[PDB]
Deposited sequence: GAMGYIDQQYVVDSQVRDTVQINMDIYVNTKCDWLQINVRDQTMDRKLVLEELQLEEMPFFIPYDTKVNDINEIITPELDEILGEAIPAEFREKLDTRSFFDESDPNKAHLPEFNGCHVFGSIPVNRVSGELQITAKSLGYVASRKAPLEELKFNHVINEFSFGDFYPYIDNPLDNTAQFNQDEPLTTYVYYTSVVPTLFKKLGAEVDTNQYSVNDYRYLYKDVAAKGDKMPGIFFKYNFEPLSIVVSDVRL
């Protein structure tokens, strides 16, 4: 097995963004938007499920603002109920998950407060990314943001921005019909005082590289 760079001929027009995230805010305060070069902000309503949860950071999850044994405050381990398989505002949470078809062009997925705006007290953008991927899942996949979390109990209104650069791949062991992609990422954070982008939140910027990696 060897991998080679080739010209991204046959550029697909669209790609699915797959997401499974916990946000430390109740669902009904949240809005999720997509925008790209071609279009103005489109509200993502029907493509995602938003479900109330007690916010928690799962095990086997990188806790990725180490700077600001165990970094998870034991307060934020998973709460259970008899039918798992009403809390402190510390545990306000929303499980956001689904797959969104977007144009395969430079764009951005935004999770922010609905905005005459959510009481800051209620807003906390601590989050856990269980999945964030592009295209069809495949056995070799290794997404940088999967199983990661950011939290800061002292900075709830922190804005997190991820810049993801997406590379389409052809694994000859899988076929060309499967929409396989991998990405690299660089990360930014902004304190609320600086942001006061005018509304804070969690932002995934994405662009698609004009090459492919062929795996033979």
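Of the deposited sequence, positions 1 to 5, 74 to 83, 101 to 108, 139 to 144, 226 to 228, 249 to 252 lack any modelled C-alpha atom.
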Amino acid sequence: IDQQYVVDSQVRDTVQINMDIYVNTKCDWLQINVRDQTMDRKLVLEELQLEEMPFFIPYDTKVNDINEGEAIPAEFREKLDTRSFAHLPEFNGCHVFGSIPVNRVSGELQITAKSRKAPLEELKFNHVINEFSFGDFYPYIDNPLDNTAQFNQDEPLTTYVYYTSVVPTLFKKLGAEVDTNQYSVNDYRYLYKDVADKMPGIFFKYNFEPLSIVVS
From here on, numbers count along this sequence of modelled residues.
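Remark: stretch with higher mean C-alpha B factor among 206 to 214 and 4 to 12 is 4 to 12.
Taking the PDB entry as given, 93 to 101 carries the higher mean Cα B factor of the two stretches 124 to 132 and 93 to 101.
Among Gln49, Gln37, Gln182, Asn186, the highest C-alpha B-factor in the deposited entry belongs to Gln37. Across the residues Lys26, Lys172, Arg41, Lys62, the deposited record lists the maximum Cα B factor for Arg41. Ranked within its chain, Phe85 lands in the highest third, by CA B factor from the PDB record.
Ranked by Cα temperature factor within the chain, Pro144 sits in the lowest third according to the deposited record.
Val167: CA B factor in the lowest third of modelled residues in this chain (values from the PDB entry). In the deposited entry, the Cα temperature factor of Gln150 places it in the lowest third of its chain's modelled residues. The PDB entry assigns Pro54 a C-alpha temperature factor belonging to the middle third of its chain's modelled residues.
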